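Novice: Data: protein03.txt, compact mmCIF, C-alpha atoms and all ligand atoms.
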```txt
# COMPACT_ATOMS: atom_id res chain seq x y z
CA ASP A 45 -10.54 2.42 37.88
CA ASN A 46 -8.02 3.06 35.11
CA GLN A 47 -8.44 1.96 31.49
CA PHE A 48 -5.06 0.14 31.63
CA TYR A 49 -3.24 -2.67 33.46
CA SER A 50 0.38 -3.82 33.57
CA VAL A 51 2.06 -7.21 33.11
CA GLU A 52 5.68 -8.31 32.94
CA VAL A 53 6.89 -9.57 29.58
CA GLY A 54 10.54 -10.42 30.10
CA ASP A 55 12.37 -7.44 31.54
CA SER A 56 9.83 -5.07 30.00
CA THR A 57 6.47 -3.96 31.34
CA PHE A 58 3.52 -3.97 28.99
CA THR A 59 0.91 -1.44 30.11
CA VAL A 60 -2.13 -1.97 27.89
CA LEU A 61 -5.84 -1.29 27.54
CA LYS A 62 -7.99 -3.75 29.46
CA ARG A 63 -9.58 -5.01 26.24
CA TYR A 64 -6.25 -6.79 25.53
CA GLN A 65 -5.84 -10.00 27.50
CA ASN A 66 -3.45 -12.90 27.93
CA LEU A 67 -0.45 -11.31 26.27
CA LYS A 68 2.28 -13.69 25.16
CA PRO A 69 5.64 -12.64 23.63
CA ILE A 70 5.98 -14.01 20.10
CA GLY A 71 9.09 -12.23 18.93
CA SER A 72 11.48 -9.32 19.21
CA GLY A 73 12.89 -6.87 16.69
CA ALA A 74 14.97 -3.69 16.73
CA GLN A 75 12.07 -1.86 18.36
CA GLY A 76 11.70 -4.55 20.99
CA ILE A 77 9.06 -7.09 21.93
CA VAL A 78 5.81 -7.99 20.18
CA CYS A 79 3.10 -9.89 22.10
CA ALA A 80 0.12 -11.82 20.85
CA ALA A 81 -3.10 -10.99 22.72
CA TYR A 82 -6.85 -11.52 22.80
CA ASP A 83 -8.92 -8.44 22.03
CA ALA A 84 -12.13 -8.82 24.04
CA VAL A 85 -13.77 -5.99 22.13
CA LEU A 86 -13.14 -7.23 18.61
CA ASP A 87 -13.23 -10.86 19.79
CA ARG A 88 -10.10 -11.80 17.88
CA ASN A 89 -6.40 -12.23 18.43
CA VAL A 90 -4.08 -9.30 17.73
CA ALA A 91 -0.37 -8.40 17.88
CA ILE A 92 0.83 -5.64 20.22
CA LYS A 93 4.10 -3.87 19.52
CA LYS A 94 5.60 -1.70 22.26
CA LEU A 95 7.75 1.26 21.25
CA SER A 96 9.75 2.39 24.31
CA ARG A 97 10.63 6.11 24.17
CA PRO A 98 10.94 6.05 20.33
CA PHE A 99 11.92 9.72 20.37
CA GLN A 100 15.11 8.79 22.25
CA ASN A 101 17.19 9.09 19.10
CA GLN A 102 16.80 10.04 15.46
CA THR A 103 16.88 6.48 14.23
CA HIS A 104 14.13 5.14 16.47
CA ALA A 105 12.22 8.39 16.18
CA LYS A 106 12.09 8.52 12.40
CA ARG A 107 11.13 4.85 12.03
CA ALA A 108 8.36 5.16 14.64
CA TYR A 109 6.97 8.31 13.10
CA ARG A 110 7.08 6.87 9.58
CA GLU A 111 5.52 3.60 10.74
CA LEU A 112 2.61 5.46 12.39
CA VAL A 113 1.92 7.74 9.43
CA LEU A 114 2.24 5.03 6.78
CA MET A 115 0.19 2.46 8.73
CA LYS A 116 -2.68 4.95 8.83
CA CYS A 117 -2.64 5.65 5.07
CA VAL A 118 -1.80 2.29 3.54
CA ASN A 119 -4.53 -0.28 3.19
CA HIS A 120 -3.53 -3.43 1.32
CA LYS A 121 -4.02 -7.14 2.04
CA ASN A 122 -0.30 -7.85 1.70
CA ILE A 123 0.66 -5.03 4.05
CA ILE A 124 0.05 -5.64 7.77
CA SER A 125 -3.00 -3.76 9.12
CA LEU A 126 -2.95 -1.40 12.08
CA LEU A 127 -6.00 -1.92 14.33
CA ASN A 128 -5.40 0.52 17.20
CA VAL A 129 -2.74 2.81 18.70
CA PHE A 130 -2.36 4.02 22.29
CA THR A 131 -0.12 5.34 25.01
CA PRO A 132 -0.93 4.82 28.67
CA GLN A 133 0.63 8.19 29.56
CA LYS A 134 -1.77 11.12 29.86
CA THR A 135 0.31 14.17 28.86
CA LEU A 136 3.11 15.06 26.48
CA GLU A 137 5.45 15.65 29.40
CA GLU A 138 4.55 12.26 30.84
CA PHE A 139 4.64 10.58 27.40
CA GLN A 140 6.98 7.56 27.22
CA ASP A 141 5.67 4.63 25.22
CA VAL A 142 3.62 3.93 22.10
CA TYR A 143 1.68 0.70 21.61
CA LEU A 144 0.75 -0.41 18.11
CA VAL A 145 -1.99 -3.03 17.81
CA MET A 146 -1.77 -5.01 14.58
CA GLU A 147 -3.55 -7.92 12.95
CA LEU A 148 -1.97 -11.21 13.96
CA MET A 149 -0.78 -14.00 11.64
CA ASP A 150 0.61 -17.49 12.34
CA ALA A 151 4.28 -17.63 11.41
CA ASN A 152 7.38 -15.83 10.22
CA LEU A 153 8.66 -16.35 6.65
CA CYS A 154 11.88 -17.58 8.30
CA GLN A 155 9.87 -20.59 9.54
CA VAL A 156 8.42 -21.17 6.07
CA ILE A 157 11.88 -20.90 4.51
CA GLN A 158 12.84 -23.98 6.52
CA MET A 159 10.03 -25.99 4.94
CA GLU A 160 9.90 -27.89 1.68
CA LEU A 161 7.12 -26.09 -0.19
CA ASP A 162 5.18 -27.15 -3.28
CA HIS A 163 5.24 -24.78 -6.29
CA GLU A 164 1.68 -23.63 -5.73
CA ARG A 165 2.51 -22.28 -2.25
CA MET A 166 5.95 -21.05 -3.20
CA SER A 167 4.63 -19.10 -6.19
CA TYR A 168 1.66 -17.72 -4.24
CA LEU A 169 3.87 -16.34 -1.46
CA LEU A 170 6.06 -14.67 -4.08
CA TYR A 171 3.03 -13.22 -5.90
CA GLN A 172 1.87 -11.68 -2.59
CA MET A 173 5.28 -10.18 -1.85
CA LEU A 174 5.26 -8.62 -5.33
CA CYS A 175 1.72 -7.25 -4.78
CA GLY A 176 2.60 -5.63 -1.49
CA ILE A 177 5.80 -4.13 -2.90
CA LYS A 178 3.89 -2.98 -5.97
CA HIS A 179 1.33 -1.16 -3.79
CA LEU A 180 4.15 0.47 -1.81
CA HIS A 181 5.83 1.57 -5.03
CA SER A 182 2.58 3.12 -6.26
CA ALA A 183 2.55 5.34 -3.16
CA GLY A 184 6.13 6.44 -3.78
CA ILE A 185 7.52 4.12 -1.09
CA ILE A 186 10.58 2.07 -2.12
CA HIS A 187 11.16 -0.36 0.70
CA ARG A 188 14.89 -1.14 0.28
CA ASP A 189 15.21 -3.51 3.24
CA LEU A 190 12.75 -6.30 2.66
CA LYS A 191 13.79 -9.40 4.64
CA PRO A 192 12.07 -12.61 5.70
CA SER A 193 12.07 -11.90 9.46
CA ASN A 194 9.73 -8.99 8.67
CA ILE A 195 7.17 -10.86 6.57
CA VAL A 196 4.52 -13.04 8.18
CA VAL A 197 2.24 -15.78 6.92
CA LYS A 198 -1.00 -17.48 7.90
CA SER A 199 -1.93 -21.16 7.69
CA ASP A 200 -3.96 -20.49 4.55
CA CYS A 201 -0.80 -19.12 2.87
CA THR A 202 -1.79 -15.47 3.02
CA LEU A 203 1.22 -13.17 3.46
CA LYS A 204 1.83 -9.68 4.84
CA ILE A 205 4.85 -7.38 4.95
CA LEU A 206 5.41 -5.89 8.42
CA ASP A 207 7.43 -2.77 7.74
CA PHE A 208 8.18 0.03 5.31
CA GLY A 209 11.94 -0.25 5.18
CA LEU A 210 14.17 2.83 4.91
CA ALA A 211 17.40 1.00 4.19
CA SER A 217 22.09 4.85 11.19
CA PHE A 218 23.85 4.58 14.54
CA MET A 219 22.47 3.10 17.74
CA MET A 220 24.22 1.86 20.85
CA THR A 221 22.49 -1.49 21.20
CA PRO A 222 23.57 -5.14 20.87
CA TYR A 223 20.93 -5.66 18.21
CA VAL A 224 22.49 -6.64 14.88
CA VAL A 225 20.74 -5.52 11.72
CA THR A 226 20.29 -8.15 9.01
CA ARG A 227 21.76 -6.98 5.70
CA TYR A 228 21.87 -10.25 3.68
CA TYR A 229 18.89 -9.24 1.48
CA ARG A 230 19.98 -5.77 0.32
CA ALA A 231 20.63 -4.96 -3.34
CA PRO A 232 24.11 -4.28 -4.82
CA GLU A 233 23.00 -0.69 -5.25
CA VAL A 234 22.27 -0.47 -1.51
CA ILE A 235 25.48 -2.35 -0.68
CA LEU A 236 27.67 -0.17 -2.92
CA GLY A 237 25.63 2.93 -2.12
CA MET A 238 24.88 3.94 -5.69
CA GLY A 239 21.28 5.11 -5.93
CA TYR A 240 18.29 3.02 -6.80
CA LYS A 241 14.87 2.64 -8.32
CA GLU A 242 11.84 0.46 -7.61
CA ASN A 243 13.46 -2.84 -8.64
CA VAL A 244 15.93 -2.48 -5.79
CA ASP A 245 13.20 -4.51 -4.01
CA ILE A 246 13.20 -7.22 -6.70
CA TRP A 247 16.75 -8.20 -5.61
CA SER A 248 15.50 -8.84 -2.07
CA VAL A 249 12.62 -10.98 -3.30
CA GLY A 250 15.14 -12.92 -5.35
CA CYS A 251 17.30 -13.52 -2.25
CA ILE A 252 14.27 -14.78 -0.29
CA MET A 253 13.13 -17.00 -3.17
CA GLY A 254 16.62 -18.39 -3.53
CA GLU A 255 16.73 -19.15 0.19
CA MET A 256 13.30 -20.84 0.04
CA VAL A 257 14.95 -23.21 -2.44
CA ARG A 258 18.45 -23.61 -0.99
CA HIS A 259 17.32 -23.47 2.63
CA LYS A 260 20.53 -21.51 3.12
CA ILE A 261 21.09 -17.75 3.14
CA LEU A 262 22.38 -16.81 -0.33
CA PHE A 263 24.76 -13.94 0.49
CA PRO A 264 25.86 -14.04 4.14
CA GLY A 265 28.79 -12.03 5.44
CA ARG A 266 30.08 -10.21 8.51
CA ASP A 267 29.67 -6.96 6.62
CA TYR A 268 29.42 -5.48 3.14
CA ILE A 269 32.90 -6.70 2.13
CA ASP A 270 32.16 -10.39 2.73
CA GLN A 271 28.69 -9.92 1.37
CA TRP A 272 29.90 -8.53 -1.94
CA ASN A 273 32.35 -11.42 -2.04
CA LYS A 274 29.47 -13.89 -1.77
CA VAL A 275 27.59 -12.07 -4.54
CA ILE A 276 30.25 -12.07 -7.23
CA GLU A 277 31.54 -15.51 -6.29
CA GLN A 278 28.11 -16.98 -7.13
CA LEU A 279 26.75 -14.62 -9.81
CA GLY A 280 30.15 -13.62 -11.16
CA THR A 281 31.92 -10.27 -11.57
CA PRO A 282 29.61 -7.59 -13.08
CA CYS A 283 30.00 -6.12 -16.58
CA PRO A 284 31.80 -2.82 -17.39
CA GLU A 285 28.68 -0.76 -18.02
CA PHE A 286 27.74 -1.57 -14.44
CA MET A 287 31.15 -0.41 -13.23
CA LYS A 288 30.60 3.06 -14.71
CA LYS A 289 27.65 3.88 -12.45
CA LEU A 290 29.61 3.60 -9.18
CA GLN A 291 31.13 6.55 -7.30
CA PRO A 292 34.86 6.85 -8.05
CA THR A 293 36.17 5.41 -4.76
CA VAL A 294 33.64 2.57 -4.90
CA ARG A 295 34.48 1.74 -8.51
CA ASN A 296 38.18 1.28 -7.86
CA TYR A 297 37.38 -1.14 -5.06
CA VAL A 298 34.92 -3.20 -7.10
CA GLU A 299 37.19 -3.32 -10.16
CA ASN A 300 40.06 -4.64 -8.03
CA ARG A 301 38.36 -7.53 -6.23
CA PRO A 302 39.33 -11.02 -7.37
CA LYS A 303 37.42 -11.79 -10.62
CA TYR A 304 34.89 -14.65 -10.93
CA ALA A 305 33.07 -16.13 -13.93
CA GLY A 306 30.15 -17.08 -11.69
CA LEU A 307 27.82 -20.07 -11.69
CA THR A 308 25.01 -20.88 -14.09
CA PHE A 309 21.60 -20.82 -12.55
CA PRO A 310 21.18 -24.55 -13.14
CA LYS A 311 24.23 -25.09 -10.93
CA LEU A 312 23.14 -22.48 -8.36
CA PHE A 313 19.68 -24.05 -8.01
CA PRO A 314 19.82 -27.66 -9.27
CA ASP A 315 16.66 -29.69 -9.85
CA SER A 316 17.43 -31.66 -6.70
CA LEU A 317 16.22 -28.59 -4.75
CA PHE A 318 12.83 -28.37 -6.45
CA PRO A 319 9.74 -30.55 -6.47
CA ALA A 320 10.51 -32.41 -9.69
CA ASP A 321 8.70 -35.75 -9.82
CA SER A 322 5.75 -34.91 -12.10
CA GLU A 323 5.74 -33.22 -15.51
CA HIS A 324 3.95 -30.36 -13.73
CA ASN A 325 6.76 -29.93 -11.24
CA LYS A 326 9.53 -30.27 -13.85
CA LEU A 327 7.97 -27.43 -15.87
CA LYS A 328 7.51 -25.34 -12.68
CA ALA A 329 11.10 -25.90 -11.63
CA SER A 330 12.41 -24.59 -14.96
CA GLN A 331 10.07 -21.59 -14.62
CA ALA A 332 11.12 -20.93 -11.02
CA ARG A 333 14.75 -21.09 -12.11
CA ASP A 334 14.06 -18.64 -14.97
CA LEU A 335 12.53 -16.02 -12.62
CA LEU A 336 15.37 -16.42 -10.15
CA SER A 337 17.79 -15.81 -13.04
CA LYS A 338 15.99 -12.53 -13.74
CA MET A 339 15.77 -11.23 -10.14
CA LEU A 340 19.24 -12.15 -8.94
CA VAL A 341 20.84 -9.78 -11.41
CA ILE A 342 23.52 -7.43 -10.16
CA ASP A 343 22.95 -4.56 -12.59
CA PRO A 344 19.54 -2.98 -11.82
CA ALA A 345 19.22 -1.81 -15.44
CA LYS A 346 19.14 -5.50 -16.42
CA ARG A 347 17.15 -6.78 -13.40
CA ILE A 348 13.47 -7.63 -14.06
CA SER A 349 10.85 -5.11 -12.88
CA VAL A 350 7.97 -5.70 -10.49
CA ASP A 351 5.34 -5.60 -13.28
CA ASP A 352 7.24 -8.04 -15.54
CA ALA A 353 7.77 -10.32 -12.53
CA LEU A 354 4.05 -10.28 -11.87
CA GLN A 355 3.56 -11.34 -15.51
CA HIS A 356 6.16 -14.06 -15.31
CA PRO A 357 4.69 -17.53 -15.94
CA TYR A 358 5.74 -18.87 -12.51
CA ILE A 359 3.77 -16.05 -10.91
CA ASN A 360 0.98 -14.93 -13.21
CA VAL A 361 -1.35 -17.85 -12.50
CA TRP A 362 -2.27 -15.81 -9.43
CA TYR A 363 -2.76 -12.45 -11.10
CA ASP A 364 -5.71 -10.33 -9.91
CA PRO A 365 -6.01 -6.63 -10.85
CA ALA A 366 -7.92 -5.90 -7.66
CA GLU A 367 -4.70 -6.91 -5.87
CA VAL A 368 -2.09 -5.63 -8.33
CA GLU A 369 -3.64 -2.31 -9.32
CA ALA A 370 -5.16 -1.32 -5.97
CA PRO A 371 -5.66 2.43 -5.37
CA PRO A 372 -2.53 4.03 -3.82
CA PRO A 373 -2.59 6.09 -0.59
CA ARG A 383 13.70 15.27 7.56
CA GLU A 384 15.37 15.73 10.93
CA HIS A 385 14.47 16.92 14.41
CA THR A 386 15.76 17.02 17.97
CA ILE A 387 14.55 14.47 20.52
CA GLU A 388 12.08 16.95 21.97
CA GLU A 389 10.75 17.80 18.50
CA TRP A 390 10.40 14.13 17.60
CA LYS A 391 8.60 13.45 20.90
CA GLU A 392 5.89 16.00 20.14
CA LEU A 393 5.55 14.89 16.50
CA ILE A 394 4.99 11.28 17.55
CA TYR A 395 2.69 12.22 20.44
CA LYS A 396 0.54 14.31 18.08
CA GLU A 397 0.36 11.40 15.64
CA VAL A 398 -0.58 9.01 18.45
CA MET A 399 -3.36 11.24 19.78
CA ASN A 400 -4.72 11.55 16.22
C1 LIG B 501 8.43 -14.50 15.25
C2 LIG B 501 7.19 -13.65 15.39
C3 LIG B 501 6.44 -13.48 14.07
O1 LIG B 501 6.73 -14.16 13.09
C4 LIG B 501 5.31 -12.46 13.95
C5 LIG B 501 5.57 -11.07 14.23
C6 LIG B 501 6.92 -10.64 14.56
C7 LIG B 501 7.94 -10.64 13.50
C8 LIG B 501 9.30 -10.19 13.83
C9 LIG B 501 9.62 -9.76 15.21
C10 LIG B 501 8.58 -9.78 16.25
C11 LIG B 501 7.21 -10.22 15.93
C12 LIG B 501 4.48 -10.11 14.13
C13 LIG B 501 4.71 -8.72 14.41
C14 LIG B 501 3.58 -7.80 14.23
CL1 LIG B 501 3.83 -6.19 14.55
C15 LIG B 501 2.26 -8.25 13.79
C16 LIG B 501 2.04 -9.67 13.52
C17 LIG B 501 3.18 -10.57 13.70
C18 LIG B 501 3.02 -12.03 13.36
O2 LIG B 501 1.95 -12.43 12.91
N1 LIG B 501 4.02 -12.89 13.54
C19 LIG B 501 3.77 -14.31 13.23
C20 LIG B 501 3.60 -15.15 14.46
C21 LIG B 501 2.41 -14.96 15.26
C22 LIG B 501 2.25 -15.75 16.48
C23 LIG B 501 3.29 -16.71 16.84
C24 LIG B 501 3.09 -17.53 18.11
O3 LIG B 501 1.93 -17.59 18.60
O4 LIG B 501 4.05 -18.08 18.63
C25 LIG B 501 4.50 -16.92 16.02
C26 LIG B 501 4.66 -16.11 14.80
```
Represent the structure contained in this file as structure tokens.

Specialist:
Amino acid sequence: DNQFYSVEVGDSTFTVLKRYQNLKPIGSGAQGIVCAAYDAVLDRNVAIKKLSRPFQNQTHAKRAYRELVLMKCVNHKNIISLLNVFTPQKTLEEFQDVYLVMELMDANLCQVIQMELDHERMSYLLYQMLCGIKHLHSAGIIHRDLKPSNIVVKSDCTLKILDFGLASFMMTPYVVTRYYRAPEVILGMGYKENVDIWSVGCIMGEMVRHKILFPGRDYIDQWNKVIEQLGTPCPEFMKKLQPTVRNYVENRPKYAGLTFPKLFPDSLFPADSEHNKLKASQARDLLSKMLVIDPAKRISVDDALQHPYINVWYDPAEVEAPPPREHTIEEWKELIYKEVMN
């Protein structure tokens, strides 16, 4: 007569509260598998994320702890909601796994990126990304690693960001996706809030091109793809780089870059009606202001929200919503356990 039961999901066991039924794996990330499930108590579908021994190293431990704390403070429609948290283990010494129960949506932004979207849906998704990032920024959280695999959407075009970013070493096969990180993250130069604007620009550009904008095996290839398309940065940008980094950037092959009309031609946009022709030119204008290498010249979150492509959605309830170190593995274990048990 225990509150829990176990089922096999791949080569992992999910041990969950009996209220959660008919689990089905929907995806996997760096922290492992997420299942969809029916919650018999709430009478709705939910997502269940299993953290296996998150205290096992600093990198897992710090993300798990941060995720728990921030999910409990933050309440915004464009940030994914935490519904419940549990461990099946009964004592700290027995403690192994943490299960996060989240609201469930319909699809990954990666799936939406593959679609041809009208301007109304495209702009509304972007508005919602900006709103969620704005709310984060107002709580002092700068995400720094926004990427489409970690944003989810519903059939009615509502959007939620799944994680809180952060930007080290783990011995797993999992490969971290870096295509969406800002120049200042890539070149390790320090950053402000509009570091996240670059990532939105990369996603928007990909929604249009249906190809990843700046792929690369690692930061070297990636920087190559940046300057080859946007062109070599100006001198005032060069001055803000650490000395070893500056020499490297100043010595790469030079490129003029492409115009934004060439980068995102009208053939990529809905452009049959006068409405869509105007929207395409507006979409291209915002792209030209987000995909800007020098953060001092890159558009801010607030100005982006005011941009004509975006501002048709503006709602102060949504935009100006009220805002909310290191240890050993044993220390992290108790921190996380304490958080879990409230
Ligand atoms: C590819 C999975 C995916 O996009 C996803 C993930 C996800 C994101 C990255 C890694 C792991 C999980 C997710 C994770 C948490 Cl914590 C909460 C909600 C979701 C979610 O709503 N979806 C959409 C979704 C929901 C059901 C199905 C389905 O029924 O097939 C497909 C997509």

Novice: Between A:152, A:128, A:217, A:89, single out the one closest to ligand LIG 501 (chain B), counting only C-alpha atoms and all ligand atoms.

Specialist: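 The shortest atom-to-atom distance to ligand LIG 501 (chain B) comes from A:152.
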
Novice: So the first atom is atom CA of residue 64 of chain A and the second is atom CA of residue 84 of chain A; what is the distance between them in Å, to one decimal place?

Specialist: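 It comes out at 6.4 Å.
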
Novice: Please identify all protein, DNA and RNA residues within 6 Å of ligand LIG 501 (chain B), counting all atoms listed in the file, and report them as an NGL selection string.

Specialist: :A and (70-73 or 78 or 91 or 93 or 146-152 or 193-194 or 196)

Novice: Excluding same-chain residues fewer than 2 positions from segment 357-366 of chain A, what lies within 7 Å of it counting all atoms listed in the file, as a list in words?

Specialist: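 In the requested format, the answer is residues 167, 168, 171, 328, 331, 332, 354, 355, 368, 369 and 370 of chain A.
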
Novice: Atom CA of residue 392 of chain A to atom CA of residue 136 of chain A: how many Å, to one decimal?

Specialist: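 Atom-to-atom, atom CA of residue 392 of chain A and atom CA of residue 136 of chain A are spaced 7.0 Å apart.
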
Novice: Could you name the residues that touch segment 337-349 of chain A at 10 Å or less, counting all atoms listed in the file, but leaving out those on the same chain fewer than 6 positions away, as JSON, numbers by chain?

Specialist: {"A": [231, 232, 233, 240, 241, 242, 243, 244, 245, 246, 247, 248, 249, 250, 251, 253, 254, 275, 276, 279, 280, 281, 282, 283, 285, 286, 287, 289, 308, 309, 310, 312, 313, 331, 355, 356]}

Novice: Measuring atom to atom with all atoms listed in the file, identify which of A:238, A:180, A:272, A:264 is nearest to residue 294 of chain A.

Specialist: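 Counting all atoms listed in the file, the residue closest to residue 294 of chain A is A:238.
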
Novice: Residues near residue 86 of chain A, anyone? I mean within 10 Å using only C-alpha atoms, not counting same-chain ones fewer than 3 positions away, as number ranges by chain.

Specialist: A: 63-64, 82-83, 89-90, 127

Novice: Which residue is closest to residue 133 of chain A? Choose from A:274, A:260, A:179, A:97 and count only C-alpha atoms.

Specialist: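 Among A:274, A:260, A:179, A:97, it is A:97 that comes nearest to residue 133 of chain A.
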
Novice: For atom CA of residue 292 of chain A and atom CA of residue 273 of chain A, determine how far apart the two atoms are, in Å to one decimal place.

Specialist: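 So the answer is 19.4 Å.
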
Novice: Using only C-alpha atoms, which of A:320, A:74, A:105, A:80 sits nearest residue 53 of chain A?

Specialist: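 Result for the nearest residue to residue 53 of chain A: A:80.
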
Novice: Which is closer to residue 223 of chain A than all the others in A:183, A:87, A:301, A:75, using all atoms listed in the file?

Specialist: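 So, comparing all the options, the nearest one is A:75.
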
Novice: Write out as a count of residues only each polymer residue whose atoms come within 7 Å of residue 124 of chain A, counting all atoms listed in the file; drop sequence neighbours fewer than 6 positions from it.

Specialist: 4

Novice: As a ChimeraX atom specification, please: the residues near residue 110 of chain A (cut-off 12 Å, all atoms listed in the file, same-chain neighbours under 4 positions excluded).

Specialist: /A:98,102-106,114-118,185,207-210,383,390,393-394,397-398

Novice: Go through A:166, A:95, A:261, A:307 and flag the residue nearest residue 111 of chain A, using all atoms listed in the file for the distances.

Specialist: A:95

Novice: Draw an axis-aligned box over all listed atoms of segment 151-159 of chain A, pad each side with 5 Å, and write its centre and edge lengths in Å, one decimal, as lines of an AutoDock Vina configuration file.

Specialist:
```
center_x = 8.6
center_y = -20.9
center_z = 8.0
size_x = 18.6
size_y = 20.2
size_z = 16.9
```
